[PDB]
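Below: the structure, in structure tokens.
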Amino acid sequence: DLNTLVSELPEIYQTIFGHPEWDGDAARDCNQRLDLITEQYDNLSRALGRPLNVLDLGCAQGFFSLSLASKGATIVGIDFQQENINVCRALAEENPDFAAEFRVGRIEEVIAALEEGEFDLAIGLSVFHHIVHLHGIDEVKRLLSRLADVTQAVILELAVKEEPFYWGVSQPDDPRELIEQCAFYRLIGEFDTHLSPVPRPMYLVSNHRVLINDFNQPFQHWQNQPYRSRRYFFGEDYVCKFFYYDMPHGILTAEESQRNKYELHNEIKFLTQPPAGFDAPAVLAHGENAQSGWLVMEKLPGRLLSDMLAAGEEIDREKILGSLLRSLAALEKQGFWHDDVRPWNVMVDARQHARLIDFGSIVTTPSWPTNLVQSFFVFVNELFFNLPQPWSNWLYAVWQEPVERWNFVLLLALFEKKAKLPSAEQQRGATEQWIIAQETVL
Amino acid sequence: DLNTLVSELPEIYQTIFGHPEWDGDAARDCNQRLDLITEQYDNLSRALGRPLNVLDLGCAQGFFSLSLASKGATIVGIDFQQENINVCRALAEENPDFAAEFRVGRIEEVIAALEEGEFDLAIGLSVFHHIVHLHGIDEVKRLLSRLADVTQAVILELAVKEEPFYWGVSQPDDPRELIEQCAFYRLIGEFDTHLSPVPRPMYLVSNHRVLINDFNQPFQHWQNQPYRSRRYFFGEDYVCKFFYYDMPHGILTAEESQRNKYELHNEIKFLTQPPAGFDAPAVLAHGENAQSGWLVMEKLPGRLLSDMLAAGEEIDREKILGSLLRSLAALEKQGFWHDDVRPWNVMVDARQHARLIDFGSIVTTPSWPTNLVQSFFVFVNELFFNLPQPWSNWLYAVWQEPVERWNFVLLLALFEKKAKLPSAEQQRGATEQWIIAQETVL
Amino acid sequence: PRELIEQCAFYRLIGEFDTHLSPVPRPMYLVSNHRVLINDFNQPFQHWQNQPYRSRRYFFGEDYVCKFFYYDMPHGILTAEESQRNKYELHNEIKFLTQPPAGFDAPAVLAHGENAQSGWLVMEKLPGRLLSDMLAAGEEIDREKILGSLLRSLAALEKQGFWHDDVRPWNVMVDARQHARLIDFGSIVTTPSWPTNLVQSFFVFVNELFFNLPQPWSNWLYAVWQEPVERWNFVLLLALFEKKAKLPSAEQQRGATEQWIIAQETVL
Ligand SMILES: C[S@@+](CC[C@H](N)C(=O)[O-])C[C@H]1O[C@@H](n2cnc3c(N)ncnc32)[C@H](O)[C@@H]1O
Ligand SMILES: C[S@@+](CC[C@H](N)C(=O)[O-])C[C@H]1O[C@@H](n2cnc3c(N)ncnc32)[C@H](O)[C@@H]1O
Ligand SMILES: [Cl-]
Ligand SMILES: [Cl-]
């Protein structure tokens, strides 16, 4: 009888599915986590076009497993306590059309035995801290990496060191240390455990998909360090830029988080409303919240200029500078400037034409834009002290201009006629050269 | 003043008896435990015919002690904190007609000093885990055995390892390990501690009485292993069979608990409504709940057959088999059969007449009852390969019968005429002998 | 060294090399979690299995199953006899399937090979579930159709001079229409009194598929037991099975032993 099986549970951790007579006894009601988990189930099931295979690690009394099997999922639940599995099975038998199997076993061994594709979704709620406590953080990171490797999505509720108990001392400084080796992760909620006032964060993690409520797609590769608070995911015709505002440990000062926030916000604003006369990459999706923000754009051909420079690839500096200057002059005509023109913000296509790819540093108002013209000289010099004729003549001509006349329209016009300009080396000069050379060091 | 004494309490653990101004401050309200404890007090006081002497171990602020003294109990409360005892005494003085004494002291030393008969009831609520933590499980088991030895009843609320605190690690795997050496125990409730979502079980324990709400009687001996989930208590004219459905540790699989449940349930059903033509032992009391079930029956004279066989006692196999077969044939005539006729289910009285004593295996419907007739041959053989004439002739005659004719009426009729039946050894036979001999091995 | 890799799905020893540090060579392994990588057959698989129903592994791809037997295993794992039996069964299975008897639909063979360490066989993938799984997972089964279909194929084998030494639930696959077929031919044999022992085990099979026999299955078995033993064979077993509804009622006879001998066998 169920009555007996429930009584022999060492703990009624969860609601007993279908049996509200024990709801008052359950340590956690599970309705809040279930609301969120079912939402994520539906998103992923919608994206894949079918009911999911779900793995429930440390499934306890089966509540999540049964609740998802109720919605048509095929589920396997694992727990190392016989009493828990006995209850799960008895509950499944009350619901014979549910495709639900349960097994006694250890999560460590199950994870090792998993095969990719066997399960679409795995859930591991409030169980990994037990594995951390016995086996350490590094083994748990590797288990979670494998779990992510073999599924499409993982949902974790993770206990945290701020919980007032003795086992908190063995926890990592931040729960994200268990998952940050995985490609994609997002905080999706925080839950009351009824053990203390400290809530546990729930994360959605994937090694194969961008999983954003509005955009759910496989990616084939990703990158953290461009050219660690920013991640880029590459899919067939998209790039997803994912910025963390909230990072663990020291990592971001207050100012840096706000700048991450500012840049991504500014980039969204610009790309959703780009200026006429400028071909901006197209925007497929975007959103922001307290922890992070994201932007999905059309994927552009070409390579990042800084990579090409580093990997000594052959470049046409004339075509790169011409194309870039043309776009900067067109921005300026619409009252837009870019505050940070550097090789890692520039992409060069197969025909050696260049374009900006980060619009975080775009600005709309201001003497000005004189400083930006100055840096652009450094850019130029780093792209190559190092300027042959007629690039040196171009820079010399600009320096002879009254400063109120420095702007990108002028920079472009002089660039286009640089072959006609007088020879700098024939003049006393000589300072423009030395100031930028010191700038280009500085 | 009471105000000062209460303030100097390191903790207001309990309601301050008579002083509801501190009820909001009390860690535990105590009303739920008190409701249950008073019920048990009344049962035992009713059974003994008088007010009880009660011992309250780790009595804290005296709530249980005073509440029972209010109902006419004579109480002694023990606690090792002076501040707690000061409050208890001040409260007792506000209630001068209560027969209540309080002493500072250690439970370990008090238990050692107890004399049998001094107290009828001892209560030890949420205190033994402190003794486990400092002295270990084995010393605590011995203290609890002595406590049970010297009282009529013990009520314990026991902390458990699932509680989230550091001291949980020192607790036994299951709280029943502290008490299972005692003769009689029953779970009577589970209580919220307000420290966590994990409740503490309350047990009623005795080394001298069966304490079931409907049946409250001394017993003079008891037994676990017949001939450990089943216990038998023997009193003057009764035997109480007590089956645990819920057992600690691995001990019972789900199927085994259900079979314990099934057998005891089936036995109750049969004995409360026995078939005409069959003398069944009489039923004095019975009940079942999630954890266990019990049945109190009239006590039958005689010895269990398997004991007599083991202790090589002299037996009359003719009279045993005759009497048993007669009762089996009468059952069968009423549409009843017994699925498990074995020596440990048979009792033999002084005149060598035998009867069944376990009706867990009784069944009412089904080719059949051919299998049961087959086992009965094994029974027969074990009661003695080993069959002399005319027992061998009896079995041979049965084997020559078409199988649709095998039943206990036939078995009995052939048994009664076995001296007239043809000699098996004069026939080719020979197989019935070898099949049962292999069965009787198997 | 295999302890570092045996958790991976597919592995094969491909050579052994002199290190010039000592006379002890180092093995080179080819390992994959995604493909069967056999020189003749190189294909993705989508799942794999070790324990059927650990020296044998099965890889499942879109229209194939690859059976991979280790003859050479680490540690204690295989005695000499067991390795040779792995070798024998896989060899025997290859021989049978590459040259199957007329009158028997055998799964088709896509690739195969053997060497010192292991042997492999890639076959067409058959629909259905393994009978022992269905029994374990209490799935609904039609014992009439399973036994009928299986007996028909066994009788046809026998007519071609072939028998199967090990008819058990884990060697039988049942399709959606409840028709059954053998899927392991390691235990096929060609010569021998006989095939009387095999007929006997088939009764156990029958009983485990359900002591436990209702009419007319019990009548069928009783009829077989009344036959002189030189007449026991699968053609007879099949013929009596097809007419079992007409056969006399066993419970009306003294019997009774055939029942008890198989019940003890079915324990044993
Ligand atoms: C704190 S409970 C969480 C239960 C459930 N996941 C939930 O949050 O509602 C941890 C569960 O995981 C199980 N567990 C802990 N370690 C395990 C392991 N190594 N393998 C399988 N189950 C494990 C326990 O038996 C227990 O049921
Ligand atoms: C957790 S409180 C339980 C109080 C009370 N029995 C109740 O549950 O309402 C434990 C009490 O036992 C007392 N105590 C602990 N160890 C003791 C010992 N060895 N001897 C006497 N009292 C003890 C403490 O002073 C404290 O008042
Ligand atoms: Cl966790
Ligand atoms: Cl306790």
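Here Swiss-Prot sets the residue numbers for chain B, with the shown residues being 4-230, 239-377, 381-398, 416-473 in order.
This entry, so its header tells us, was determined using X-ray crystallography, 3.3 Å.
Using N, Cα and C of the backbone, Cβ positions are placed for all residues, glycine too.
B:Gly108 (S-adenosyl-L-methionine binding site) has a Cβ environment of 14 other Cβ atoms inside 10 Å. Among the features that Swiss-Prot reports, S-adenosyl-L-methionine binding site is placed at B:16-17, B:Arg36, B:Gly61, B:82-87, B:108-111, B:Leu128.
All protein chains included, B:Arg36 (S-adenosyl-L-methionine binding site) registers 23 other Cβ atoms within 10 Å of its own Cβ.
A strand conformation is recorded for B:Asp82 (S-adenosyl-L-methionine binding site) in the three-state DSSP classification. Within the set of binding-site residues (B:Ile110, B:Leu128), the lowest number of other Cβ atoms found within 10 Å of a Cβ is recorded at B:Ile110.
According to its DSSP assignment, B:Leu128 (S-adenosyl-L-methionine binding site) is in a strand.
Neighbours of B:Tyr16 (S-adenosyl-L-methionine binding site), defined as other CB atoms within 10 A of its CB across all chains, total 16. Taking a Cβ distance under 6 Å to any atom of ligand 2 as the criterion, the binding-site residues B:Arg36, B:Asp82, B:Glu86 reduce to B:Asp82. Counted within 10 Å of its Cβ, the other Cβ atoms near B:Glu86 (S-adenosyl-L-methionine binding site) come to 17, all protein chains included. There are 25 other CB atoms within 10 A of the CB of B:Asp82 (S-adenosyl-L-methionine binding site), with all protein chains counted. Sequence-distant contacts of B:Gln84 (S-adenosyl-L-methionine binding site), defined as residues of its own chain at least six apart whose C-beta falls under 8 angstroms from its C-beta, comprise B:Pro13, B:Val107.
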